[PDB]
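S.K.: Input: one structure, supplied below.
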Amino acid sequence: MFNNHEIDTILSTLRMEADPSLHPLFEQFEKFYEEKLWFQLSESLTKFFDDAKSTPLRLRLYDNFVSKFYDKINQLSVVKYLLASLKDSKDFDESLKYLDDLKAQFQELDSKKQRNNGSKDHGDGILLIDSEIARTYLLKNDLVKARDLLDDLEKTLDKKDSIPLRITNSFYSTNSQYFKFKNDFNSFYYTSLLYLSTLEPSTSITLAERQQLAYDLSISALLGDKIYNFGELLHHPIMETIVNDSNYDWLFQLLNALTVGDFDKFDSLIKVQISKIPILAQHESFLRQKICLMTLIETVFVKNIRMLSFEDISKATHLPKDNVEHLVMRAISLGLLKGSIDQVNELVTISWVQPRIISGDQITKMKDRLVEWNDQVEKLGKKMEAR
Amino acid sequence: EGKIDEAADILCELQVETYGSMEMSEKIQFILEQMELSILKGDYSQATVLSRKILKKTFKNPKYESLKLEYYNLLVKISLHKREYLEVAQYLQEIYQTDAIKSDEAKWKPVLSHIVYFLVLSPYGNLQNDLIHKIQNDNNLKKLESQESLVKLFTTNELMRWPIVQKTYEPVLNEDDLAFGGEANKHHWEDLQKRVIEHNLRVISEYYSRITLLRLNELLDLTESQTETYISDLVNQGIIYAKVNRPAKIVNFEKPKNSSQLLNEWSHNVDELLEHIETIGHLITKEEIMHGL
């Protein structure tokens, strides 16, 4: 189809007259790489919709068009696209070769004009090298090499104003990858949440990126937790128009599984092997206590008091008498509790202090509690008033 | 020949006369020979005096990494007759710095590992934290990662942990002769055992307000007679206190027991209600405006 030659050439002409800038072997060459329903460029503003969507062997030609692009448009666009396009295009060997080309200079010093970070804006000359050396180096090589790359990535985050945000993006994606690379689905769940949180409200997104993040969140959320296993994912976008692909049924399957507490349901939650991890082997006890704790916390007394029967914690969790003894024993260690449960008197007498789930039955519960708090105050006031 | 006394007598006169002159290397050397002979006799106290003197000497000298190592080899041996983990731990700490600048990670990693593991036998966990916190001790190194995981494991301990530890590791549980003089395999078991037993009581006090003794004897996996004793020694030392109600077979860990606590707890409770009323006040006012809008 003509649309890559058509859009690139007309816009290329529009934003500068002609002077070594039209490029007929560029116009044909890009033409050759992508004339399908995906295009390899769409010039200037168009570079925010079409830029490399297949392996971009046009690369050496584009280096001479980076050497035109500034006066065809702006600041941001140059630093925004051409580092990410190789990375999404799965051009790992090529990404490194372009990082040798660019290294740290593209118009610094008495060219002036404030510098941001790449993959959104025109960056820090140094910050491109630093961020992407970590992104590439992690994928390639070991965890000990990774801890070392993260410490440098940490130095560069610290060393700046927070203003362009692009650098912070670099930090979360980089850091999330180490927790993927090991086993650390709980640490990864926290990092992926942060990555999505500073990704979505400013756009700049790519279908490849949102595919990793939603699927990666779904595996990490089964694989580890600390707060509660699905209430937070109903105030926590798992598929609210981030992307719906890769069988997000699993999130809803998890809540049904958490309640029943069937083993059959755990295999039929995702698929056999990926349900187990090996993550879930430690996980099921932690996950297990989470469902029990929340369900009781709302229900037992409208006020919220730190009195629980040991028996009704067993009955609700659906576990034998020794087992619950061990599980609770771990649970006090984890905190969000304290005040001192008496393991004789059979009094689970630990203090009320934890967060309460969702805006739903939080609100029902709040009304009941409000009428009571108010009524109590009003009596004291009345009596005083009168005398 | 076996004339230990005779060789020492001649070595003792020599070193004293030489002192303060004739090379720093040469003098430190005589002191190592001397301690080696001293330890066999029973002359640990003579060995401690020699130790004070050499320690000043190694400090004076610039470029003394060999000298410091040699002192370390002597030092641990005397502590083996006595039994202080603090002596060995501290002088090794000063050897850490010297090992980063001068030497490879090959010299440094067995020493680091031995030091922390020495502290693991050592019965009070309050030293252990200090050594683990370390900036290049919390990042990487395989042995580093093995020790830190043990450091988390103690926090959580319910003392079904100890055979788990005993089986799982065998190097990093029997490893010696690499920055220390060694110690029996059987001695590592003795020490580890005492250390865990104490730490189970130590957590148990915080986490649970009461436990019965029958449950507690099962948790430590232990005979009542011994449990009563392990507990008795601890409470008496005053790292912690607990109290036993013998005819119930209940161990109180106690709870708040004084008015001074309760007055301050109350004035806290007020302080939290107050703060809620102001946060709620501005918060609600905000909610209102954007209903408007």
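Starting from 1 in every chain, residues are counted up; chains themselves are A, B, ... following the order of the structure tokens, and ligands are numbered from 1 as listed.
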Using DSSP on the backbone coordinates, identify the residues of region 112-284 of chain A assigned to helix (DSSP H, G or I); present them as a short mmCIF file (atom, residue, chain, number, x, y, z; two decimals) with N, CA, C and O atoms, in the first residue's frame.

M.R.:
```
data_model
loop_
_atom_site.label_atom_id
_atom_site.label_comp_id
_atom_site.auth_asym_id
_atom_site.auth_seq_id
_atom_site.Cartn_x
_atom_site.Cartn_y
_atom_site.Cartn_z
N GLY A 125 21.55 13.20 27.78
CA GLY A 125 22.50 12.46 26.94
C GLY A 125 23.06 11.21 27.57
O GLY A 125 23.03 10.12 27.01
N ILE A 126 23.54 11.35 28.82
CA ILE A 126 23.96 10.26 29.67
C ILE A 126 22.85 9.28 30.03
O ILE A 126 23.05 8.07 30.01
N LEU A 127 21.62 9.77 30.32
CA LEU A 127 20.53 8.97 30.85
C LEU A 127 19.99 7.93 29.89
O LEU A 127 19.44 6.91 30.31
N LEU A 128 20.14 8.13 28.57
CA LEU A 128 19.79 7.12 27.59
C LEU A 128 20.66 5.87 27.69
O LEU A 128 20.18 4.74 27.68
N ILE A 129 21.99 6.09 27.82
CA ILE A 129 23.02 5.07 27.90
C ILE A 129 22.85 4.17 29.12
O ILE A 129 22.88 2.94 29.07
N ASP A 130 22.65 4.83 30.27
CA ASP A 130 22.50 4.32 31.61
C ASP A 130 21.26 3.42 31.76
O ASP A 130 21.34 2.23 32.04
N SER A 131 20.08 3.98 31.40
CA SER A 131 18.78 3.30 31.44
C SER A 131 18.72 2.09 30.53
O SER A 131 18.23 1.01 30.89
N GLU A 132 19.22 2.22 29.29
CA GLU A 132 19.06 1.17 28.31
C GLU A 132 20.14 0.09 28.42
O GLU A 132 19.89 -1.07 28.10
N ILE A 133 21.35 0.44 28.97
CA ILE A 133 22.45 -0.47 29.25
C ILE A 133 21.91 -1.53 30.30
O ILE A 133 22.15 -2.72 30.18
N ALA A 134 21.12 -1.07 31.33
CA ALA A 134 20.40 -1.84 32.31
C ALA A 134 19.26 -2.65 31.72
O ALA A 134 19.19 -3.86 32.03
N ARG A 135 18.46 -2.01 30.81
CA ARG A 135 17.35 -2.73 30.21
C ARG A 135 17.82 -3.88 29.40
O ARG A 135 17.18 -4.94 29.45
N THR A 136 18.90 -3.78 28.59
CA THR A 136 19.44 -4.75 27.68
C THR A 136 20.23 -5.83 28.46
O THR A 136 20.01 -6.99 28.27
N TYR A 137 21.07 -5.33 29.40
CA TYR A 137 21.97 -6.13 30.21
C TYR A 137 21.27 -7.06 31.11
O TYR A 137 21.76 -8.18 31.34
N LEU A 138 20.09 -6.66 31.67
CA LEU A 138 19.29 -7.59 32.43
C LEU A 138 18.79 -8.79 31.70
O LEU A 138 18.87 -9.92 32.15
N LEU A 139 18.28 -8.60 30.46
CA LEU A 139 17.65 -9.63 29.63
C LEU A 139 18.61 -10.70 29.23
O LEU A 139 18.31 -11.90 29.25
N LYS A 140 19.77 -10.23 28.85
CA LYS A 140 20.92 -10.97 28.44
C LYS A 140 21.49 -11.90 29.53
O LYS A 140 21.62 -13.08 29.28
N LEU A 143 21.51 -12.47 37.25
CA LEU A 143 21.03 -11.76 38.44
C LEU A 143 22.09 -10.97 39.30
O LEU A 143 21.83 -9.92 39.80
N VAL A 144 23.31 -11.53 39.56
CA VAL A 144 24.35 -10.79 40.21
C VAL A 144 24.77 -9.53 39.37
O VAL A 144 24.99 -8.44 39.91
N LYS A 145 24.81 -9.70 37.99
CA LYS A 145 25.13 -8.60 37.04
C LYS A 145 23.93 -7.57 37.16
O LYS A 145 24.14 -6.32 37.20
N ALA A 146 22.70 -8.03 37.27
CA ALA A 146 21.46 -7.26 37.40
C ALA A 146 21.40 -6.42 38.64
O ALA A 146 20.84 -5.33 38.57
N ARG A 147 21.87 -6.95 39.80
CA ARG A 147 21.79 -6.19 41.06
C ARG A 147 22.68 -5.00 40.88
O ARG A 147 22.35 -3.85 41.21
N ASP A 148 23.82 -5.20 40.22
CA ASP A 148 24.80 -4.17 39.92
C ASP A 148 24.40 -3.05 38.97
O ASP A 148 24.74 -1.89 39.19
N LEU A 149 23.65 -3.40 37.93
CA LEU A 149 22.99 -2.49 37.01
C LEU A 149 21.87 -1.70 37.65
O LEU A 149 21.75 -0.52 37.30
N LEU A 150 21.04 -2.28 38.56
CA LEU A 150 20.02 -1.60 39.33
C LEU A 150 20.52 -0.57 40.24
O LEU A 150 19.87 0.46 40.40
N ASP A 151 21.74 -0.76 40.87
CA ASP A 151 22.32 0.21 41.75
C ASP A 151 22.69 1.47 40.96
O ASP A 151 22.47 2.58 41.50
N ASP A 152 23.19 1.36 39.69
CA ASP A 152 23.46 2.48 38.86
C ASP A 152 22.22 3.25 38.38
O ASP A 152 22.24 4.47 38.38
N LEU A 153 21.19 2.46 38.01
CA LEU A 153 19.84 2.92 37.64
C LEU A 153 19.21 3.69 38.75
O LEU A 153 18.63 4.75 38.45
N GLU A 154 19.37 3.24 40.04
CA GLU A 154 19.01 3.91 41.27
C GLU A 154 19.77 5.25 41.34
O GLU A 154 19.05 6.21 41.43
N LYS A 155 21.10 5.31 41.06
CA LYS A 155 21.86 6.59 41.17
C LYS A 155 21.34 7.69 40.35
O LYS A 155 21.22 8.82 40.91
N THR A 156 21.01 7.41 39.06
CA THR A 156 20.38 8.27 38.06
C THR A 156 18.97 8.69 38.32
O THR A 156 18.65 9.83 37.98
N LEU A 157 18.11 7.86 38.94
CA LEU A 157 16.80 8.30 39.39
C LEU A 157 16.89 9.43 40.41
O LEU A 157 16.20 10.44 40.31
N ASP A 158 17.83 9.27 41.37
CA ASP A 158 18.00 10.06 42.53
C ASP A 158 18.45 11.42 42.19
O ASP A 158 17.99 12.40 42.76
N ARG A 166 9.94 10.43 32.58
CA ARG A 166 10.49 9.38 31.73
C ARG A 166 11.52 8.49 32.42
O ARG A 166 11.52 7.27 32.31
N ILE A 167 12.42 9.13 33.20
CA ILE A 167 13.43 8.49 34.04
C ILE A 167 12.81 7.58 35.08
O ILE A 167 13.29 6.48 35.33
N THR A 168 11.67 7.97 35.67
CA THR A 168 10.97 7.18 36.69
C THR A 168 10.34 5.95 36.09
O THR A 168 10.33 4.87 36.67
N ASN A 169 9.84 6.08 34.84
CA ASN A 169 9.37 4.97 34.03
C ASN A 169 10.45 3.90 33.85
O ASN A 169 10.19 2.69 33.91
N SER A 170 11.71 4.35 33.60
CA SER A 170 12.87 3.59 33.35
C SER A 170 13.19 2.82 34.58
O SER A 170 13.45 1.63 34.57
N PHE A 171 13.01 3.51 35.74
CA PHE A 171 13.26 2.85 37.04
C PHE A 171 12.31 1.74 37.36
O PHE A 171 12.84 0.74 37.84
N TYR A 172 10.99 1.89 37.18
CA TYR A 172 10.05 0.85 37.52
C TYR A 172 10.16 -0.35 36.61
O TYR A 172 10.03 -1.49 37.05
N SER A 173 10.38 -0.12 35.29
CA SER A 173 10.34 -1.23 34.33
C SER A 173 11.58 -2.13 34.56
O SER A 173 11.63 -3.32 34.57
N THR A 174 12.72 -1.43 34.85
CA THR A 174 14.04 -1.98 35.04
C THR A 174 14.01 -2.96 36.24
O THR A 174 14.39 -4.13 36.18
N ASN A 175 13.41 -2.36 37.30
CA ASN A 175 13.36 -2.94 38.65
C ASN A 175 12.37 -4.07 38.72
O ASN A 175 12.59 -5.02 39.41
N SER A 176 11.32 -4.00 37.94
CA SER A 176 10.27 -5.00 37.90
C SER A 176 10.81 -6.30 37.37
O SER A 176 10.33 -7.35 37.73
N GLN A 177 11.73 -6.21 36.35
CA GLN A 177 12.42 -7.21 35.56
C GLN A 177 13.27 -8.07 36.40
O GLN A 177 13.36 -9.28 36.09
N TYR A 178 13.94 -7.55 37.44
CA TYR A 178 14.74 -8.32 38.41
C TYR A 178 13.82 -9.26 39.23
O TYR A 178 14.14 -10.42 39.47
N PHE A 179 12.65 -8.77 39.67
CA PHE A 179 11.71 -9.57 40.42
C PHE A 179 11.05 -10.66 39.58
O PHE A 179 10.80 -11.76 40.08
N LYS A 180 10.80 -10.38 38.28
CA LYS A 180 10.44 -11.40 37.29
C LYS A 180 11.53 -12.46 37.12
O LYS A 180 11.26 -13.65 37.14
N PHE A 181 12.80 -12.00 36.96
CA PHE A 181 13.99 -12.79 36.71
C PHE A 181 14.32 -13.78 37.82
O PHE A 181 14.94 -14.82 37.60
N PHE A 185 7.41 -12.74 43.10
CA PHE A 185 6.09 -12.34 42.65
C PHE A 185 5.40 -11.34 43.57
O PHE A 185 4.74 -10.44 43.09
N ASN A 186 5.57 -11.42 44.91
CA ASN A 186 5.15 -10.35 45.81
C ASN A 186 5.88 -9.01 45.59
O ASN A 186 5.26 -7.96 45.51
N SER A 187 7.23 -9.00 45.49
CA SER A 187 7.96 -7.79 45.26
C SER A 187 7.67 -7.14 43.89
O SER A 187 7.50 -5.90 43.73
N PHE A 188 7.53 -8.02 42.88
CA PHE A 188 7.04 -7.76 41.54
C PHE A 188 5.61 -7.22 41.51
O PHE A 188 5.33 -6.29 40.76
N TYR A 189 4.66 -7.75 42.33
CA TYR A 189 3.32 -7.19 42.40
C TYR A 189 3.34 -5.71 42.80
O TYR A 189 2.74 -4.86 42.16
N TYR A 190 4.13 -5.34 43.84
CA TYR A 190 4.27 -3.94 44.21
C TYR A 190 4.88 -3.07 43.11
O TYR A 190 4.43 -1.97 42.83
N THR A 191 5.93 -3.57 42.45
CA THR A 191 6.64 -2.84 41.41
C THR A 191 5.84 -2.63 40.13
O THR A 191 5.90 -1.59 39.47
N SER A 192 5.06 -3.65 39.71
CA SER A 192 4.18 -3.61 38.55
C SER A 192 3.02 -2.65 38.72
O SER A 192 2.71 -1.89 37.81
N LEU A 193 2.42 -2.60 39.93
CA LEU A 193 1.42 -1.61 40.31
C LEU A 193 1.92 -0.18 40.17
O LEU A 193 1.27 0.67 39.56
N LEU A 194 3.14 0.12 40.66
CA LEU A 194 3.80 1.41 40.50
C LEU A 194 4.10 1.75 39.05
O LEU A 194 3.87 2.87 38.59
N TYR A 195 4.57 0.76 38.26
CA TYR A 195 4.86 0.92 36.85
C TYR A 195 3.63 1.32 36.04
O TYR A 195 3.69 2.27 35.28
N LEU A 196 2.49 0.63 36.25
CA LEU A 196 1.22 0.95 35.62
C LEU A 196 0.70 2.31 36.04
O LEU A 196 0.26 3.13 35.22
N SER A 197 0.80 2.62 37.34
CA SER A 197 0.33 3.86 37.95
C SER A 197 0.96 5.10 37.38
O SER A 197 0.28 6.09 37.14
N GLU A 200 -0.04 4.88 32.77
CA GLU A 200 -1.34 5.16 32.17
C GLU A 200 -1.80 6.61 32.10
O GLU A 200 -2.19 7.02 31.01
N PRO A 201 -1.76 7.48 33.12
CA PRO A 201 -2.44 8.78 33.04
C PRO A 201 -1.71 9.77 32.16
O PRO A 201 -2.25 10.85 31.91
N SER A 202 -0.50 9.48 31.67
CA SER A 202 0.22 10.40 30.79
C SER A 202 0.33 9.89 29.37
O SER A 202 0.95 10.53 28.52
N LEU A 207 1.18 -1.08 22.54
CA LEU A 207 0.42 -2.31 22.71
C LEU A 207 1.28 -3.43 23.26
O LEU A 207 0.83 -4.22 24.09
N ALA A 208 2.57 -3.49 22.85
CA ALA A 208 3.55 -4.40 23.41
C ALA A 208 3.75 -4.21 24.91
O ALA A 208 3.74 -5.18 25.67
N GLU A 209 3.86 -2.93 25.36
CA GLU A 209 4.07 -2.62 26.75
C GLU A 209 2.93 -2.96 27.57
O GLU A 209 3.11 -3.48 28.63
N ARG A 210 1.69 -2.67 27.14
CA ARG A 210 0.53 -2.95 27.96
C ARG A 210 0.17 -4.43 28.00
O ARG A 210 -0.41 -4.90 28.97
N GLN A 211 0.58 -5.21 26.98
CA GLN A 211 0.51 -6.66 27.02
C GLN A 211 1.38 -7.28 28.10
O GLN A 211 0.92 -8.13 28.87
N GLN A 212 2.66 -6.84 28.24
CA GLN A 212 3.54 -7.31 29.30
C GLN A 212 2.99 -6.97 30.66
O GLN A 212 2.92 -7.80 31.56
N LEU A 213 2.56 -5.72 30.85
CA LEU A 213 2.19 -5.25 32.15
C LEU A 213 0.94 -5.89 32.73
O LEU A 213 0.92 -6.30 33.89
N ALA A 214 -0.12 -6.05 31.93
CA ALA A 214 -1.34 -6.71 32.35
C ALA A 214 -1.17 -8.21 32.64
O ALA A 214 -1.59 -8.71 33.68
N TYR A 215 -0.49 -8.95 31.75
CA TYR A 215 -0.21 -10.36 31.96
C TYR A 215 0.74 -10.57 33.13
O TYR A 215 0.48 -11.37 34.03
N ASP A 216 1.82 -9.76 33.21
CA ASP A 216 2.80 -9.76 34.27
C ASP A 216 2.20 -9.48 35.66
O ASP A 216 2.54 -10.10 36.67
N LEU A 217 1.27 -8.52 35.74
CA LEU A 217 0.46 -8.24 36.91
C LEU A 217 -0.40 -9.43 37.32
O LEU A 217 -0.47 -9.79 38.50
N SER A 218 -1.05 -10.10 36.36
CA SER A 218 -1.90 -11.25 36.62
C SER A 218 -1.14 -12.45 37.20
O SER A 218 -1.57 -13.05 38.18
N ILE A 219 0.04 -12.78 36.65
CA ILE A 219 0.91 -13.81 37.21
C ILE A 219 1.45 -13.43 38.58
O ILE A 219 1.45 -14.23 39.52
N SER A 220 1.92 -12.18 38.76
CA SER A 220 2.44 -11.71 40.04
C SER A 220 1.43 -11.66 41.16
O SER A 220 1.73 -12.07 42.27
N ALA A 221 0.20 -11.21 40.87
CA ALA A 221 -0.92 -11.19 41.79
C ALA A 221 -1.37 -12.55 42.32
O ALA A 221 -1.73 -12.68 43.48
N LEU A 222 -1.38 -13.62 41.48
CA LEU A 222 -1.52 -14.99 42.00
C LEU A 222 -0.30 -15.43 42.81
O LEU A 222 -0.40 -16.07 43.85
N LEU A 223 0.90 -15.11 42.29
CA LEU A 223 2.18 -15.58 42.76
C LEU A 223 2.62 -15.01 44.11
O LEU A 223 3.58 -15.48 44.72
N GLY A 231 -9.67 -8.08 46.33
CA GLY A 231 -10.44 -6.86 46.57
C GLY A 231 -9.75 -5.63 46.07
O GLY A 231 -10.36 -4.71 45.53
N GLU A 232 -8.41 -5.67 46.14
CA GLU A 232 -7.53 -4.61 45.70
C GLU A 232 -7.40 -4.56 44.19
O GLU A 232 -7.00 -3.56 43.62
N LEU A 233 -7.82 -5.64 43.50
CA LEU A 233 -7.83 -5.73 42.05
C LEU A 233 -9.20 -5.39 41.50
O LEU A 233 -9.48 -5.54 40.32
N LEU A 234 -10.09 -4.89 42.38
CA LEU A 234 -11.34 -4.25 42.02
C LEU A 234 -11.27 -2.77 42.38
O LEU A 234 -12.24 -2.02 42.26
N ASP A 249 -9.75 -13.91 32.78
CA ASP A 249 -10.70 -14.76 33.46
C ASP A 249 -10.14 -15.25 34.80
O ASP A 249 -10.85 -15.41 35.79
N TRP A 250 -8.80 -15.47 34.84
CA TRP A 250 -8.03 -15.94 35.98
C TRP A 250 -8.23 -15.12 37.24
O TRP A 250 -8.33 -15.68 38.33
N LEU A 251 -8.33 -13.78 37.11
CA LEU A 251 -8.59 -12.89 38.23
C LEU A 251 -9.91 -13.20 38.95
O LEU A 251 -10.00 -13.34 40.17
N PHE A 252 -10.99 -13.39 38.17
CA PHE A 252 -12.30 -13.78 38.67
C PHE A 252 -12.32 -15.22 39.17
O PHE A 252 -12.91 -15.57 40.19
N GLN A 253 -11.60 -16.12 38.47
CA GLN A 253 -11.39 -17.49 38.88
C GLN A 253 -10.73 -17.59 40.24
O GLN A 253 -11.15 -18.41 41.06
N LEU A 254 -9.72 -16.73 40.51
CA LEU A 254 -9.03 -16.59 41.77
C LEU A 254 -9.94 -16.27 42.93
O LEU A 254 -9.92 -17.00 43.91
N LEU A 255 -10.84 -15.25 42.82
CA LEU A 255 -11.77 -14.96 43.90
C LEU A 255 -12.68 -16.16 44.24
O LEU A 255 -12.94 -16.48 45.40
N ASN A 256 -13.19 -16.91 43.23
CA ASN A 256 -13.99 -18.10 43.49
C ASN A 256 -13.21 -19.19 44.14
O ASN A 256 -13.71 -19.71 45.12
N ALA A 257 -11.96 -19.40 43.68
CA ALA A 257 -11.02 -20.31 44.25
C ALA A 257 -10.62 -20.04 45.71
O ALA A 257 -10.52 -20.97 46.55
N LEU A 258 -10.52 -18.72 46.05
CA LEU A 258 -10.09 -18.22 47.37
C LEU A 258 -11.12 -18.52 48.41
O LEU A 258 -10.74 -18.92 49.50
N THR A 259 -12.42 -18.33 48.11
CA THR A 259 -13.59 -18.64 48.87
C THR A 259 -13.82 -20.13 49.09
O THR A 259 -13.99 -20.60 50.19
N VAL A 260 -13.87 -20.93 48.02
CA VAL A 260 -14.09 -22.39 48.18
C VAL A 260 -12.93 -23.03 48.90
O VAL A 260 -13.12 -23.57 50.05
N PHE A 263 -8.60 -27.39 45.69
CA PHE A 263 -7.40 -27.80 45.01
C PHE A 263 -7.74 -27.96 43.55
O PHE A 263 -6.98 -27.50 42.70
N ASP A 264 -8.94 -28.53 43.25
CA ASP A 264 -9.33 -28.70 41.87
C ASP A 264 -9.49 -27.34 41.20
O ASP A 264 -9.08 -27.18 40.05
N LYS A 265 -9.97 -26.38 42.01
CA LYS A 265 -10.29 -25.09 41.56
C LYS A 265 -8.95 -24.40 41.29
O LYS A 265 -8.80 -23.56 40.40
N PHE A 266 -7.90 -24.67 42.09
CA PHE A 266 -6.59 -24.07 41.88
C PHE A 266 -5.97 -24.43 40.53
O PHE A 266 -5.51 -23.56 39.81
N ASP A 267 -6.03 -25.71 40.11
CA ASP A 267 -5.64 -26.12 38.77
C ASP A 267 -6.52 -25.51 37.68
O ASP A 267 -6.03 -25.08 36.63
N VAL A 272 -3.01 -25.96 34.94
CA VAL A 272 -2.27 -26.73 35.95
C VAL A 272 -0.92 -26.16 36.40
O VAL A 272 -0.75 -25.68 37.53
N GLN A 273 0.09 -26.15 35.52
CA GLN A 273 1.47 -25.83 35.84
C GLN A 273 1.66 -24.39 36.29
O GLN A 273 2.32 -24.10 37.29
N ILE A 274 1.02 -23.45 35.57
CA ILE A 274 1.11 -22.03 35.83
C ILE A 274 0.30 -21.62 37.06
O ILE A 274 0.62 -20.63 37.71
N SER A 275 -0.71 -22.41 37.47
CA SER A 275 -1.33 -22.23 38.78
C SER A 275 -0.37 -22.50 39.93
O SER A 275 -0.30 -21.77 40.91
N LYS A 276 0.41 -23.59 39.82
CA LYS A 276 1.34 -24.00 40.85
C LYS A 276 2.57 -23.13 40.97
O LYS A 276 2.99 -22.80 42.08
N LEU A 280 2.92 -21.01 44.49
CA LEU A 280 1.72 -21.28 45.25
C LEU A 280 1.94 -22.27 46.40
O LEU A 280 1.18 -22.31 47.36
N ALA A 281 3.03 -23.07 46.36
CA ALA A 281 3.37 -24.02 47.40
C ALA A 281 3.63 -23.39 48.77
O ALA A 281 3.21 -23.92 49.80
N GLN A 282 4.31 -22.24 48.82
CA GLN A 282 4.36 -21.42 50.02
C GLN A 282 3.12 -20.55 50.14
O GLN A 282 2.57 -20.35 51.22
N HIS A 283 2.66 -20.03 48.98
CA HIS A 283 1.60 -19.05 48.87
C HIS A 283 0.27 -19.46 49.46
O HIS A 283 -0.35 -18.63 50.11
N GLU A 284 -0.22 -20.71 49.29
CA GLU A 284 -1.60 -21.05 49.65
C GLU A 284 -1.98 -20.77 51.10
O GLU A 284 -3.04 -20.21 51.37
#
```

S.K.: Residues near residue 285 (chain A), anyone? I mean within 12 Å using only C-alpha atoms, not counting same-chain ones fewer than 3 positions away, as a PyMOL selection string.

M.R.: chain A and resi 224-226+258+261+279-282+288-292+317-319+323-331

S.K.: My list of candidates is A:383, A:90, A:115, A:338. Which is closest to chain B when distances are computed with only C-alpha atoms?

M.R.: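 Smallest separation from chain B among the options: A:338.
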
S.K.: Once you count only C-alpha atoms, which residues of chain B turn out to be within 9 Å of chain A? Could you give them as a PDB file with C-alpha atoms, in the first residue's frame?

M.R.:
```pdb
ATOM      1  CA  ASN B 139      24.035  -7.029  48.361  1.00  0.00           C
ATOM      2  CA  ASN B 140      25.222 -10.104  46.511  1.00  0.00           C
ATOM      3  CA  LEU B 141      27.810 -12.808  47.465  1.00  0.00           C
ATOM      4  CA  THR B 155      12.623 -13.516  63.544  1.00  0.00           C
ATOM      5  CA  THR B 156       9.877 -15.878  62.436  1.00  0.00           C
ATOM      6  CA  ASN B 157      11.145 -19.017  64.441  1.00  0.00           C
ATOM      7  CA  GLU B 158       8.698 -21.257  66.111  1.00  0.00           C
ATOM      8  CA  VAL B 203       9.825 -14.001  69.965  1.00  0.00           C
ATOM      9  CA  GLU B 206       6.090 -10.613  71.962  1.00  0.00           C
ATOM     10  CA  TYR B 207       3.821 -12.423  69.651  1.00  0.00           C
ATOM     11  CA  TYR B 208       1.546 -14.235  72.085  1.00  0.00           C
ATOM     12  CA  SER B 209       0.212 -12.827  75.336  1.00  0.00           C
ATOM     13  CA  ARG B 210      -0.096 -16.306  76.987  1.00  0.00           C
ATOM     14  CA  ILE B 211       0.838 -19.824  75.894  1.00  0.00           C
ATOM     15  CA  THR B 212       0.306 -22.910  78.004  1.00  0.00           C
ATOM     16  CA  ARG B 215       2.070 -26.301  74.106  1.00  0.00           C
ATOM     17  CA  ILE B 250       0.549 -21.746  82.000  1.00  0.00           C
ATOM     18  CA  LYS B 255       0.826  -7.673  79.919  1.00  0.00           C
TER      19      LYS B 255
END
```

S.K.: Just the residues within 9 Å of residue 164 (chain A), please, counting only C-alpha atoms, with nothing from its chain fewer than 6 positions along; format it as a PyMOL selection string.

M.R.: chain A and resi 115-117+120-121+123

S.K.: Write out as an MDAnalysis selection string each polymer residue whose atoms come within 7 Å of residue 85 (chain B), counting only C-alpha atoms; drop sequence neighbours fewer than 3 positions from it.

M.R.: chainID B and resid 88:89 118:119 122

S.K.: Could you give me, as an MDAnalysis selection string, the residues within 12 Å of region 62-72 of chain B, counting only C-alpha atoms and dropping anything in the same chain fewer than 3 positions from it?

M.R.: chainID B and resid 24:36 47:48 50:59 75:79 87:103 107:108 111 178:181

S.K.: Would you work out the distance separating CA of residue 52 (chain A) from CA of residue 242 (chain A), expressed in Å to one decimal?

M.R.: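 Pair CA of residue 52 (chain A) / CA of residue 242 (chain A) returns 22.2 Å.
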
S.K.: Could you name the residues that touch residue 243 (chain B) at 7 Å or less, counting only C-alpha atoms, but leaving out those on the same chain fewer than 4 positions away, as a PyMOL selection string?

M.R.: chain B and resi 251-253

S.K.: Excluding region 218-233 of chain B and any residue of its chain fewer than 2 positions from it, enumerate the residues within 12 Å of it, using only C-alpha atoms, and give them as an MDAnalysis selection string.

M.R.: (chainID A and resid 322 325:326 329) or (chainID B and resid 157:163 193:202 204:205 211:216 235:246 249:253)
